[PDB]
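Asks: There's a structure below that I have some questions on.
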Amino acid sequence: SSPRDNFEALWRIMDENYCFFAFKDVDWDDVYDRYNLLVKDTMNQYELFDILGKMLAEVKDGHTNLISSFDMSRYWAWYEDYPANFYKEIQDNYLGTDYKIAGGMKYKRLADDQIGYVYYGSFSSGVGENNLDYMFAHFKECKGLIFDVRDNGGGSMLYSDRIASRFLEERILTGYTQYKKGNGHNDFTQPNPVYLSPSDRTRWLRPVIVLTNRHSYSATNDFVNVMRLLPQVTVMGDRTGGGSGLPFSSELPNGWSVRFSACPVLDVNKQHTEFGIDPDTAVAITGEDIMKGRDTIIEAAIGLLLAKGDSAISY
Ligand SMILES: [Cl-]
């Protein structure tokens, strides 16, 4: 397995399957011409790995990686160029030690029991129908809900759909999917509509604040995409980390593998969500709030939900 064969195979895999060339400042043909002069069959496996990793970093994509048995290439400036906007130690001041555990959820009432707070760290940690019903019943008397998915790198779409379906009033269009039809960079199938139906179990139609950060991505990005379509939902924090939760993976002749997003996911306006979704209200954790043991994002969400409107029960 020669370096030039692995260079050729990797360039071709990207050329024919990478979905987002239209949104990148580089031309993949000029990337071929440049790296063609750099890859030599005298290179050892480490030199080849560094150069091919740099080649993938040309598309500046946090979702693209080259994986060998010794390293994984990454463009993590995609995540690291944004503030953390989440600290477990500051979150401990809100959850304490007496928070409740229902599957993959941590939950507790805040602000004199007026606000329900949920932290859902991973879509890989399952949530059952009873877990959700019990969490909602604990928050029966609450004015609103905080659903915090900051630092949630995704996981299973089964839990994504199961949680999101609890906030629906009726069946809705959630967005669209496209898939690579051919080798051409823009050779996609027509946008396919994806729908979600409301749950038959306990639903939450009261105000909701969804908390996001750059470390909210993949299945979490798709979850956020559905939640921001709902009238009772406000998304707060920072731009999500994007991605789709639907990866492409292929092996190289040398056994290394390349991965990236397999399909473009579009919102209801047929706009790409791959590069992340902006919150409704941008809020960043401040240096002085950390010093006070406060989470600026949780506090802004509490403030917004407590902001009193009319004293009327209506529709
Ligand atoms: Cl269940």
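Just so we're on the same page: first chain in the structure tokens is A, next is B, and so on; residues restart at 1 for each chain, and ligands are numbered from 1 in the order they show up.
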Can I get the residues of stretch 77-151 of chain A within 8 Å of stretch 44-65 of chain A, each with the closest pair of atoms and their distance in Å to one decimal, using only C-alpha atoms, sorted chain first then ascending number, as CSV?

Replies:
```
residue,atom,partner,partner_atom,distance
A:77,CA,A:62,CA,7.4
A:78,CA,A:62,CA,5.1
A:79,CA,A:62,CA,7.0
```

Asks: Neighbours of ligand 1 within 7 Å, counting only C-alpha atoms and all ligand atoms, as a count of residues only?

Replies: 4

Asks: Given the choices A:152, A:221, A:314, A:178, which gets closest to residue A:265 if the distance is worked out from only C-alpha atoms?

Replies: A:178

Asks: Using DSSP secondary structure from the backbone, list all helix (DSSP H, G or I) positions within stretch 30-274 of chain A, as a PyMOL selection string.

Replies: chain A and resi 30-38+45-59+77-80+88-95+129-138+157-167+219-227

Asks: Keeping only C-alpha atoms, write the selected residues as a compact mmCIF listing (two decimals), in the first residue's frame.

Replies:
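Ended up saving to out19.txt:
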```txt
# COMPACT_ATOMS: atom_id res chain seq x y z
CA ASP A 30 -6.40 22.73 -7.04
CA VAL A 31 -6.09 20.69 -3.78
CA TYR A 32 -5.29 17.67 -6.02
CA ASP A 33 -2.62 19.63 -8.03
CA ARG A 34 -0.90 20.92 -4.85
CA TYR A 35 -0.89 17.62 -2.86
CA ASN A 36 0.06 15.64 -6.01
CA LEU A 37 3.49 17.43 -5.79
CA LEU A 38 3.78 16.79 -2.04
CA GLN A 45 3.20 6.08 7.16
CA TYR A 46 3.51 9.04 9.64
CA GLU A 47 4.57 11.59 6.96
CA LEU A 48 1.72 10.34 4.69
CA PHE A 49 -0.77 10.61 7.60
CA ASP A 50 0.28 14.24 8.34
CA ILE A 51 0.03 15.37 4.67
CA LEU A 52 -3.34 13.60 4.05
CA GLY A 53 -4.69 15.07 7.29
CA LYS A 54 -3.64 18.57 6.10
CA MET A 55 -5.40 17.83 2.77
CA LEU A 56 -8.67 17.04 4.60
CA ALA A 57 -8.23 20.18 6.76
CA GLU A 58 -8.42 22.21 3.46
CA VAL A 59 -12.27 21.96 3.71
CA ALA A 77 -10.75 24.90 15.34
CA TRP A 78 -14.39 24.36 14.18
CA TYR A 79 -15.28 23.80 17.91
CA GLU A 80 -12.37 25.51 19.74
CA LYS A 88 -19.77 21.15 34.99
CA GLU A 89 -18.42 22.81 38.23
CA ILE A 90 -20.75 25.85 37.69
CA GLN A 91 -23.65 23.50 36.71
CA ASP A 92 -23.06 21.67 40.12
CA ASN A 93 -24.27 24.91 41.82
CA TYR A 94 -27.70 24.42 40.14
CA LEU A 95 -28.01 20.62 40.17
CA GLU A 129 -41.46 7.02 27.97
CA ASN A 130 -41.96 6.68 31.78
CA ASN A 131 -38.74 8.69 32.45
CA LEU A 132 -40.22 11.58 30.40
CA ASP A 133 -43.72 11.28 32.02
CA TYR A 134 -42.16 11.34 35.55
CA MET A 135 -39.90 14.34 34.75
CA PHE A 136 -42.89 16.31 33.35
CA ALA A 137 -45.09 15.36 36.39
CA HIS A 138 -42.31 16.65 38.75
CA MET A 157 -31.99 9.50 16.84
CA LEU A 158 -34.45 7.18 18.64
CA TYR A 159 -34.19 9.40 21.78
CA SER A 160 -34.01 12.56 19.71
CA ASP A 161 -37.47 11.78 18.13
CA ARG A 162 -38.90 10.46 21.44
CA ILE A 163 -38.01 13.66 23.39
CA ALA A 164 -38.93 16.16 20.54
CA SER A 165 -42.35 14.48 19.97
CA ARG A 166 -43.33 15.54 23.59
CA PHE A 167 -43.36 19.24 22.57
CA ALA A 219 -28.11 14.15 16.54
CA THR A 220 -28.29 17.16 18.99
CA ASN A 221 -28.13 19.52 15.97
CA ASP A 222 -31.15 17.70 14.41
CA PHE A 223 -32.98 17.80 17.81
CA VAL A 224 -32.32 21.60 18.09
CA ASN A 225 -33.52 22.00 14.47
CA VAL A 226 -36.93 20.45 15.33
CA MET A 227 -37.29 22.25 18.71
```

Asks: Would you list the contacts of residue A:240 as a list in words, taking every protein, DNA or RNA residue within 6 Å and counting only C-alpha atoms, but skipping same-chain residues closer than 6 positions in sequence?

Replies: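 Here the qualifying residues turn out to be residues 213, 214, 216, 217, 276 and 277 of chain A.
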
Asks: So, with only C-alpha atoms as the atoms that count, which of A:168, A:228, A:253, A:73 lies closest to residue A:199?

Replies: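 The closest residue to residue A:199 is A:168.
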
Asks: Pick the closest to residue A:259 from A:22, A:68, A:85, A:176: which is it, counting only C-alpha atoms?

Replies: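 Nearest candidate to residue A:259 out of A:22, A:68, A:85, A:176: A:68.
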
Asks: Write out as JSON, numbers by chain each polymer residue whose atoms come within 9 Å of residue A:41, counting only C-alpha atoms; drop sequence neighbours fewer than 5 positions from it.

Replies: {"A": [2, 3, 4, 5]}

Asks: Write the residues of the selection above to a file with C-alpha atoms, as a PDB file, in the first residue's frame.

Replies:
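Saved the output as result.pdb:
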```
ATOM      1  CA  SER A   2       1.956   2.961  -1.480  1.00  0.00           C
ATOM      2  CA  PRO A   3       1.541   6.623  -0.319  1.00  0.00           C
ATOM      3  CA  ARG A   4       0.509   7.804  -3.790  1.00  0.00           C
ATOM      4  CA  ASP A   5      -2.245   5.066  -4.018  1.00  0.00           C
TER       5      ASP A   5
END
```

Asks: How many Å separate atom CA of residue A:278 from atom CA of residue A:145?

Replies: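 Separating atom CA of residue A:278 from atom CA of residue A:145 is a distance of 20.0 Å.
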
Asks: With a distance cut-off of 6 Å and only C-alpha atoms, select the neighbouring residues of residue A:144, excluding the residue or stretch itself and same-chain residues fewer than 6 positions from it, and output the selection as a ChimeraX atom specification.

Replies: /A:115,206-208,305

Asks: Kindly save the residues from that selection, with N, CA, C and O atoms included, as a PDB file, in the first residue's frame.

Replies:
```
ATOM      1  N   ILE A 115     -39.445  26.849  37.928  1.00  0.00           N
ATOM      2  CA  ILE A 115     -38.781  26.450  36.684  1.00  0.00           C
ATOM      3  C   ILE A 115     -38.217  25.035  36.772  1.00  0.00           C
ATOM      4  O   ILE A 115     -37.497  24.701  37.716  1.00  0.00           O
ATOM      5  N   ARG A 206     -46.063  24.415  27.540  1.00  0.00           N
ATOM      6  CA  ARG A 206     -45.676  25.624  28.243  1.00  0.00           C
ATOM      7  C   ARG A 206     -44.323  26.124  27.708  1.00  0.00           C
ATOM      8  O   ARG A 206     -43.629  25.364  27.005  1.00  0.00           O
ATOM      9  N   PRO A 207     -43.903  27.382  28.003  1.00  0.00           N
ATOM     10  CA  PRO A 207     -42.605  27.856  27.475  1.00  0.00           C
ATOM     11  C   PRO A 207     -41.419  26.923  27.784  1.00  0.00           C
ATOM     12  O   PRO A 207     -41.370  26.265  28.835  1.00  0.00           O
ATOM     13  N   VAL A 208     -40.490  26.818  26.813  1.00  0.00           N
ATOM     14  CA  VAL A 208     -39.276  25.995  26.902  1.00  0.00           C
ATOM     15  C   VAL A 208     -38.091  26.803  26.439  1.00  0.00           C
ATOM     16  O   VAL A 208     -38.142  27.405  25.351  1.00  0.00           O
ATOM     17  N   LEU A 305     -38.030  33.087  31.399  1.00  0.00           N
ATOM     18  CA  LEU A 305     -39.187  32.283  31.794  1.00  0.00           C
ATOM     19  C   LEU A 305     -40.002  32.909  32.941  1.00  0.00           C
ATOM     20  O   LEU A 305     -41.207  32.672  33.029  1.00  0.00           O
TER      21      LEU A 305
END
```
